[PDB]
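> So that we are looking at the same thing, I have put the structure below in structure tokens.
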Amino acid sequence: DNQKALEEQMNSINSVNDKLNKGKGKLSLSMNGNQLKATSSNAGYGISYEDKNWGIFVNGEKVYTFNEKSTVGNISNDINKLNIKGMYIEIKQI
């Protein structure tokens, strides 16, 4: 197996990217391994979405817990201190 595979290139990252970055706050995602790096602003955040909660998992562990009203902008700040890693990414509700 080679690192050219979907190891660091997890399609799930791209789904999360396009899932979170829709009708929330200003948020530019960036990738490193399977980390979710990002810059965010509070130019509106989650209004459209009332309340939905799901979680993202890395290596099979968690790395993210949020409600759409909690807005990933403020959360991502803190999430980036989780010492995020990369190998087994999941996308699901909690």
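> Residues with beta-carbon under 13 Å from that of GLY46, excluding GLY46: net charge, scoring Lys, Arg +1 and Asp, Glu -1? Write out the running numbers ahead of the final one.
On the way: positive: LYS19, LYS22, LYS24, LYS26, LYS52, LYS69; negative: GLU50, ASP51, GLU68.
Cβ neighbours under 13 Å give a net charge of +3.
> Obtain the nm distance between the two label points defined at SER41 and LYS69 by a simple spin-label model: each point lies 7 Å from its Cα along the Cα-to-C-beta direction.
Label at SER41, label at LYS69, 2.6 nm between them.
> Working from Cα positions, state the angle (0 to 90°, nearest 10) between the long axis of helix 11-20 and the longest principal axis of the chain.
10
> Oh, and also: Want the number for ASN59 to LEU82: 0.36 nm per residue separation, take away the alpha-carbon distance, what's left?
The span from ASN59 to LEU82 would gain 7.0 nm if fully extended.
> Collect residues whose amide H, placed 1.01 Å from N in the peptide plane, falls under 5 Å from the amide H of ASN59; neighbours closer than 5 in sequence don't count.
Residues meeting the amide H criterion: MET87, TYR88, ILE89.
> Near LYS62, which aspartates and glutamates are there with a Cα under 16 Å away, not counting those fewer than 8 places off in the same chain?
Straight-line reach from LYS62, under 16 Å: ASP78, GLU90.
> Could you let me know the centre-to-centre spacing of the range 34-52 and the range 1-20, using Cα atoms, in angstrom?
If we compute the Cα centre of each part, the gap is 20 Å.
Since every read-out is calculated from the coordinates, none of them should be taken as a lab result. Using ideal geometry, Cβ is built from the backbone for each residue, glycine included, and neighbour counts are taken over all protein chains shown.
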